[PDB]
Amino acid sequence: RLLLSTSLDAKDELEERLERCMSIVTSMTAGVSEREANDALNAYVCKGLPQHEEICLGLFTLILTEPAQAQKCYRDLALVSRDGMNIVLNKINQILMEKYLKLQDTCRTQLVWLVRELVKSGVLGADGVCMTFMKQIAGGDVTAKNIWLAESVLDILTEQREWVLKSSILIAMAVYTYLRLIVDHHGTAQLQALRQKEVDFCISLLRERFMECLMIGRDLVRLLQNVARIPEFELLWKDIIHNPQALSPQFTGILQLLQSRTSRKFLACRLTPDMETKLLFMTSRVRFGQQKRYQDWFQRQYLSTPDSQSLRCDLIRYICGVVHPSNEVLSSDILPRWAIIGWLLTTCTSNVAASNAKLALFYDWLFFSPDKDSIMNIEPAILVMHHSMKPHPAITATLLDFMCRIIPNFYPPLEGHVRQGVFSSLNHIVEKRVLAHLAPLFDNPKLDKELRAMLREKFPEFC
């Protein structure tokens, strides 16, 4: 059996199919010597494509459900496969993307074993499988099963580093993943030990392959700034800021990193498939005003532990950078992203998380360029501020205050660029009619006069 099921659960179609394929395989291999068993397999695979798929899927399922038979079934699979195990890797990705949370513990163990084998065999697309595997490591989650997966994948990538170096995308993705996971690993000796392994791994790749990591874009800076106080990263920050060419001759300054947007694949990789499915549903199908139970369900599953705080930032970046609703959803009654953002902000119980969340919300404002960047990345912050003004003025005020203060403080040598970015943001918000007028926001009577003076002093053209 592949999946955990209760008497309430409907039968799983995928599990049932794999179980039949396993049945086909043992029907042709049981009660006979391994000569006769291998002959039957090789003879049946010749019948055509679906028979070939049945055998490969059956050996795959044997590997997952029968550890005692696993080594042999893998040898056989490598022999009978006439497509470089392409159909097995597809099913692996499907299982990871759709079934992981229900996947039995022994099957999880076996699947980690199998991936390590596929990597050692240099199977085509094994790097894709590794990236799919990492996506199942949940951020903001230090439970035993999740820690287990984090360390198991790290070990595969560590002992097969030379193989990792063959894939630019895998390098970038593994660094993004573990830079983020490092945040959650503290508070126990086990976690501190894991964190040290993760730090060494990330630094090693960053220093040896900085140009590949640059593919990530500006969110790499956000990840690095969240781990800045770890001594190894404190050292790396000295290089990024004061001696960037030590990392690569083509990296002349952090500005070039800050001025490149992060592509969706990196923002998405830090939501599990389930988190992402639930968030995408809320922002495309749920009507504004009807979002309360969905939020409570989501919160109860992902946002209730003290360790879950770090997840808010991934969610916020995802909402800003990945979820770009079509004009139909925008011009409808569907739950808007600003409302999702507003909710996520109030779930921030600690000052560190709230502070990081604000930076996350504003991150694409800092170096905004209408040619490079999308207005959909900067839209949520200005709409949160606008729509919160009457219901919760404290929200509008803290975000407006944050906005002015981050400008000279984020990175002082680039203050002029950051000001230009926020200005370009506000201006583009106006000229694309997201918010037609800034004066009713910036000079609202409800705002503290001190804050209103700050705004008028810093942004005269909008008051």
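Numbers follow the displayed sequence, beginning with 1.
Note on 322-330 vs 338-346: mean CA B-factor is higher in 322-330. Relative to one another, 146-154 and 367-375 have unequal mean CA B-factors, and 367-375 is the one with the higher figure. Each of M215, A228, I171, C73 has a CA temperature factor in the record; the biggest one is found at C73. As recorded in the entry, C46 carries the highest CA temperature factor of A397, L426, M403, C46.
Ranked within its chain, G253 lands in the middle third, by CA B factor from the PDB record. Among the modelled residues of its chain, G84 has a C-alpha B-factor that falls in the highest third, as given in the PDB entry. When all modelled residues of the chain are sorted by CA temperature factor, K102 is found within the middle third.
When the modelled residues of the chain are ordered by C-alpha B-factor, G140 sits in the middle third. Per-chain ranking of the deposited C-alpha B factor places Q420 in the middle third.
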